[PDB]
Amino acid sequence: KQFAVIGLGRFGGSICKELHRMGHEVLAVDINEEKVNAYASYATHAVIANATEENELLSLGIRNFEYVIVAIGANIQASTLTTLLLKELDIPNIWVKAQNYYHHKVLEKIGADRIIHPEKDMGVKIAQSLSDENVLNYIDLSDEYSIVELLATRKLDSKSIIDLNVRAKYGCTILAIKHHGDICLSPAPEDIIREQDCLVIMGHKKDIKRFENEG
Amino acid sequence: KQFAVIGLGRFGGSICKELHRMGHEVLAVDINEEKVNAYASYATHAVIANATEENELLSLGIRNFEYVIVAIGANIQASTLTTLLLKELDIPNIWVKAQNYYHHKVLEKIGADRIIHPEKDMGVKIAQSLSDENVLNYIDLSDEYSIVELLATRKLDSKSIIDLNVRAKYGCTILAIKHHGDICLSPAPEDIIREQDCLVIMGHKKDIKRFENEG
Amino acid sequence: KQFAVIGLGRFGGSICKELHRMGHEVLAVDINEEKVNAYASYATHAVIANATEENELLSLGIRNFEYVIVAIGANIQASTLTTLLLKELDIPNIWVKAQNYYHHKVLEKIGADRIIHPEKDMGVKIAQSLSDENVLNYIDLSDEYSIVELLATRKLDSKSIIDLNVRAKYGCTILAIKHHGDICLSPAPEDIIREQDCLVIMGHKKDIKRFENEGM
Amino acid sequence: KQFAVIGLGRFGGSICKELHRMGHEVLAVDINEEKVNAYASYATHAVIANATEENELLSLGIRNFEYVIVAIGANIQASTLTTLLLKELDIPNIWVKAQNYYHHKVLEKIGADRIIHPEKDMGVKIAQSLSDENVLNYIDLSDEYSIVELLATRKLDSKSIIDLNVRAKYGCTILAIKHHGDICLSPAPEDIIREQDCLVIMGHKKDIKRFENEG
Ligand SMILES: Nc1ncnc2c1ncn2[C@@H]1O[C@H](COP(=O)(O)OP(=O)(O)OP(=O)(O)O)[C@@H](O)[C@H]1O
Ligand SMILES: Nc1ncnc2c1ncn2[C@@H]1O[C@H](COP(=O)(O)OP(=O)(O)OP(=O)(O)O)[C@@H](O)[C@H]1O
Ligand SMILES: Nc1ncnc2c1ncn2[C@@H]1O[C@H](COP(=O)(O)OP(=O)(O)OP(=O)(O)O)[C@@H](O)[C@H]1O
Ligand SMILES: Nc1ncnc2c1ncn2[C@@H]1O[C@H](COP(=O)(O)OP(=O)(O)OP(=O)(O)O)[C@@H](O)[C@H]1O
Ligand code: NA
Ligand code: NA
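Chains as they are written, first to last, in UniProt numbering: chain D, 7 to 221; chain V, 7 to 221; chain Y, 7 to 222; chain H, 7 to 221.
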C-alpha cells in the first residue's frame, strides 16, 4: 500500500505521522515550503508542489498510489480541482476533507470515494460529553444502538454486577471495566464496581440514558 | 447546564448546533460578523465580541456559564489570552481547542481543564482505516485492548459463530452484527455471517489483527 | 558569561550594544534581515532565525548560553512560544520583555525568571518628573523610602548645609552635591549651596516632598 | 498643572495612568479608537484625534496645557510634525519620545525641550544587571560616581559594618540596608549583615566594582 497525502495541515499532518509510524510509504504534498520541511522527516517522500496543476501532479508519480488523501478543507477551489485531476487520472481511492455542506455536495458530484468532516464529527462527539458528563467515549453502532464507555459514580461504588439489573430492566449489557488500569473483558457475575473508573456498556440509545439517570 | 462556545468555526460551529439540538442554552461568541449571523438561529444567544478583552467578556455574563469552550485553534495568541481571562474569572470548566504540541503545553500551564485536538485525533483514526480496509470504526479502551467494528469479507460468508474459534484461538469476543440494517446485541451460537456487513468484535489489539489476517 | 538576545528592537538592540561595549559574547537573533545586518557589527554573532522553531533554535547552540533575553514585546504569540522552548531546553536564566498585564501573567505561568516592562517603568519615572520639576532622577529603595536627586532652586542659593535643618525637622540626609561638574561625596557641615545643580537627598517619600514644598 | 499625552502606547499609557493616580488633569490623545476607549477611564479627558492636523489640535484646547508629551516613537513623520505644531503654538514644555539617533537630532532642531529614550535607557540599565548579578538597581550621579543597591552574598553573612573597610580601603560609603523588609537609613557601626538582602552603597564607579570582586 502506497499512500499520498495532499495538504499538510493539522488533519493532513496527523495522517502522515500516523501512517509513517505504522511503516507505510507516504508521499507528503504541500504548497507551503515550511510545511514540507517540517514533515520531511515524518514522510517517506515530501515534495513542494501545487496539486491543482496536472503537470506538477504527474511529476510526482501520483498514478502509482492506490490511496490519495486530499486534506484541504479551507480552500474549496483547491480541493475540488485537485480531486477532479485525480478522478481523471483513475485513482482507485480518493478521500477528501470537506469544509461545509455545500463542499460535501460538490465532491460527491465529481466522484469522491469518501468525504471526511474531521471538525464536525469531533464537535458532535464533544457535545455529547458536554451534555452528559458521565460518558467518556462512545461509538454509534447504528442510529438507535451504541457502545458507551461510562464513568462510575459514587452510588455505584461497592456494587456487584448481579446487583445492577441492567440485563433485565434496562436491557443493557456490561462489556468491560477498567479497574484502575486493569481491564477485564466480559466480566462474570459478580464483580465489585469501584470508584470513578471506565465502565463500558452496550444497549439501546434511550436505554443507556435511563441507566445513567436512575442506576 | 449553560454552555458558552467562543469561536464559531468548523469545530466550534458543530458544538453550537449539536448542543442546541439537544435543548441546551448555548452562547455563541465570535469576532466575525458573518459567523455570528449564520449561527444566530443555531444558538440561544449570539454575540459579536472579542474574547481577549476582559471588558467585553464581562459584558456577556460569562461568569454564569459552567462550561466555556474556546474553539480557537489557529490563533495561539487569541486562544491563550482568552483562557487566561476565564481562569482568572473562576470558570469551573474550560475546554480549549489546540493547534500543535507547543500550544498544548501553554494551555496546560495556564490552567486548561481539557485540551482537544480535533484534527489530530481524526487523522489517527482515519489512518487506521487507510492502513486496514477491514476496519470501519474503533474505540481504544486502553493501549492494548480495543473494540473494532469490522467489515465482513467473502470468506466469512455463510459462516456460523461457533465455526469461528475467536474465543478459543484468537481470544476475542464477537459483540454485535449489523445484518443489513438489523442489529443483534450479543449474538448467541450460532448465527450465520452474511456478506459485507458491520461485525463488532472485542479483544486485544494484536489479537484482532491476527483474526483479520487469518480468519 | 555568554548572552543571547532574541529580537533586535529598540530595547533588544540596546542590550546588544551595551553588552558588546563591556566585552561580552553576545548572540543577536532576529527574524528580520535588515535588523541583523545593522547589528552584525554590534554583536559577536548575528543570525537570521525564527525563535519559535525548535529546529532553528537548536542550530544556534542556544543550550550553551546562561542568559537568554527574549526582547519581543509586541508579538505575544512569538514571545510566549520562544520562552516555552527555552524553558523546555533548560535555560538557567530567561529574561522576557512583556507588553501588558495579561502578557506578564502568561510568562509567569510558563516559567519566566524575570519579566521586564521597559516602557511602563520609564513612564512612571517620567511622570514623577512631570508632576514635580524639582526632581531629576530617583531610585525607590522601598515603598516608603527613596533617594531623590533634586534640583537646587533660587531660595537655596548661598545657603549652608547646617542652615538647612533636613536632619532634625524633615528627617532627611543630604548625600551628594554636583557643584557645576564637581561632585562631593558625603558633604560635611557646612557647604554652600549654589545655583541650579544636582542635590542628592535621602529620606522618607513623604518627608522629601515636605522639603521640596517648604525648604526648596 | 495640566498635562496632555499624545499617543497611548506602552510608554504613553503608563504616563496617563500614573499622572491620573496622583490626581492631575490629563488629556489623552490617540488616533486609534480602541486605545482611547481603553484609557477613557484612566484619563480626565480622552479624545480620538490626529495630532498632525492643526485644526484638530486647536479643537482640543491644546494651548491651555503647560506640559505636552508626544509619546510616538515608531512614526518619525507623525512625531516630528506633531512637535512642530506645538512649537508653533508656543507650548512651554514639549517632551518627545524618540526612536533612534537620527530621530533625536530632528527633534533637537525643531525645538524639543526634552527627548526621552525609554527602551534605550532601560536596555543599558538591564545590561548592567546582566553583566553583574550582584547589582539590583543603580543611579548615575555622574560619569564616575553612582549609588548602587547591591545584593548581599554568602561571604558577607554575619559580618559587621566596622569589619568591612569600605570607608578606608575602597573609599565607599554604606547608605542603607533592607533587612528582610526592614529598612535602616544611615546605619551606625556596627550592624550585622544578613543574607541576600539589598545593600545600598555609594562610591566611585571603579571603586564599587573592586568591592564586589574582593569584599
Ligand atoms: N493547491 C495546494 N496544493 C498543495 N497543498 C496545498 C494547496 N493549497 C493548500 N495546501 C496546503 O494544505 C494544507 C491544509 O490547507 P488549509 O490550511 O487551507 O486547510 P484546513 O482545513 O485549515 O486544514 P487543517 O484543519 O488540517 O489544519 C496547508 O499546509 C496548505 O499550505
Ligand atoms: N479573539 C477572538 N475572539 C473570538 N472569536 C475569535 C477570535 N479569534 C478568532 N475567532 C474566531 O474563532 C473561529 C475559529 O478560529 P480559527 O478559524 O482561527 O481557527 P481554526 O482552528 O482554523 O478553526 P476550525 O474550528 O475551523 O478548525 C473563527 O470563526 C474566528 O473568526
Ligand atoms: N519569532 C521571532 N523570533 C525572533 N525575533 C522576532 C520574532 N518575532 C519578532 N521578532 C523581532 O523581535 C524584534 C522586537 O519585536 P517587536 O518589534 O514586535 O517588539 P516591540 O515591543 O515593538 O519592540 P521594541 O519596543 O524593543 O522596539 C523585532 O525586530 C522583530 O522583528
Ligand atoms: N498621528 C497620531 N496622532 C495621535 N496618536 C497617534 C498618531 N499616530 C499614532 N498614534 C498612536 O500613538 C500610540 C503610540 O504609537 P506607536 O505604537 O506607533 O509607537 P511605539 O513607540 O511603538 O509605542 P510604545 O509606547 O508602545 O513603545 C499608538 O497608540 C498609536 O495609535
Ligand atoms: Na481545522
Ligand atoms: Na516600544
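Note that the Cβ used here is the ideal one computed from N, Cα and C, for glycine as well.
Contact between the stretch 121-131 of chain H and the stretch 159-170 of chain H is absent, with fewer than three C-beta pairs closer than 8 Å. Counting along the chain, residue 47 of chain Y sits inside no alpha helix (DSSP H), nor does DSSP assign it H or E at all.
Counting of Cβ neighbours within 10 angstroms places residue 111 of chain D among the exposed residues, the total staying below 16.
When the alpha-carbon of residue 99 of chain H is set against those of H:41, H:157 and H:7, the nearest one is in H:7. When the beta-carbon positions are compared, residue 141 of chain V and residue 218 of chain V come within less than 9 Å of each other.
DSSP places residue 178 of chain D outside any alpha helix (DSSP H), giving it a letter other than H or E.
The beta carbon of residue 54 of chain D is closer than 6 Å to those of 39 and 42 in its chain, skipping five residues each way along the sequence. Of all residues in the stretch 110-142 of chain V, the ones placed with a Cβ closer than 7 Å to any Cβ belonging to chain D are 122, 124, 125, 126, 127, 128, 129, 130, 132, 133, 136 and 137, in chain order. In terms of Cα proximity to residue 117 of chain D, the closest of D:87, D:133, D:176 and D:187 is D:87. Taken from the Cβ of residue 127 of chain Y, every heavy atom of ligand 3 lies 8 Å or farther away. Along the stretch 155-183 of chain H, the positions whose C-beta sits under 8 Å from a C-beta of chain Y are 155, 179, 181 and 182, read in chain order.
Taken in chain order, the unbroken stretches of alpha helix (DSSP H) that lie wholly in the stretch 10-94 of chain D and span 4 residues or more are 16-27, 39-44, 60-64 and 82-94.
V:204 is the residue among V:132, V:194, V:204 and V:174 whose C-alpha sits nearest the C-alpha of residue 188 of chain V. Annotation for residue 127 of chain Y: the continuous alpha helix (DSSP H) segment containing it runs 124-137. If you check each beta-carbon in the stretch 73-88 of chain V against every beta-carbon of chain Y, the ones closer than 7 Å belong to 82, 83, 86 and 87. The continuous beta strand (DSSP E) containing residue 191 of chain D extends over residues 188-191. Within the DSSP secondary-structure output, residue 152 of chain Y pairs in a beta bridge with Y:146 and Y:209.
Between residue 199 of chain H and residue 174 of chain H, the gap from beta carbon to beta carbon reaches 9 Å or more.
By a beta-carbon distance limit of 8 Å, residue 10 of chain Y does not contact residue 25 of chain Y. Their separation comes to about 10 Å. DSSP, read as helix, strand or coil, puts residue 100 of chain H in strand. Here residue 147 of chain H is actually not in contact with residue 194 of chain Y; their C-beta atoms are around 18 Å apart, not less than 8 Å.
Assignment of residue 165 of chain Y by DSSP, reduced to helix, strand and coil, places it in the strand class. DSSP places residue 196 of chain H in no alpha helix (DSSP H); its state is neither H nor E. In the structure shown, the three-state DSSP call for residue 170 of chain D is coil.
Residue pairing by DSSP puts residue 121 of chain D in a beta bridge opposite D:102. Straight-line measurement puts the Cα of residue 12 of chain Y at about 50 Å from the Cα of residue 154 of chain D. Using a CB distance cut-off of 9 Å, residue 201 of chain Y does not count as an interface residue toward chain V.
Taking a beta-carbon distance threshold of 9 Å, residue 206 of chain D counts as an interface residue toward chain V. By the criterion of a C-beta distance shorter than 6 Å, residue 18 of chain H is surrounded in its chain by 11 and 77, once the five residues flanking it on both sides are discounted. For residue 113 of chain D, DSSP assigns no beta-bridge partner whatsoever. Contact residues of the stretch 17-30 of chain Y toward chain H are 17, 20, 21, 24, 25, 28 and 30 (C-beta to C-beta distance below 7 Å). Residues lining ligand 1 by the Cβ criterion, that is a Cβ closer than 6 Å to any of its heavy atoms, are D:12, D:13, D:14, D:15, D:16, D:17, D:18, D:35, D:36, D:37, D:38, D:41, D:56, D:57, D:58, D:77, D:78, D:79, D:80, D:81, D:84 and V:125 in chain order.
The CB of residue 105 of chain D comes closer than 9 Å to the CB of 16 in chain V, given here in chain order. Using a Cβ-Cβ cut-off of 9 Å, residue 147 of chain V counts as an interface residue toward chain D, since at least one Cβ of chain D sits closer than that to its own. In chain Y, no part has a C-beta under 7 Å from the C-beta of residue 92 of chain V; the shortest such distance is about 12 Å.
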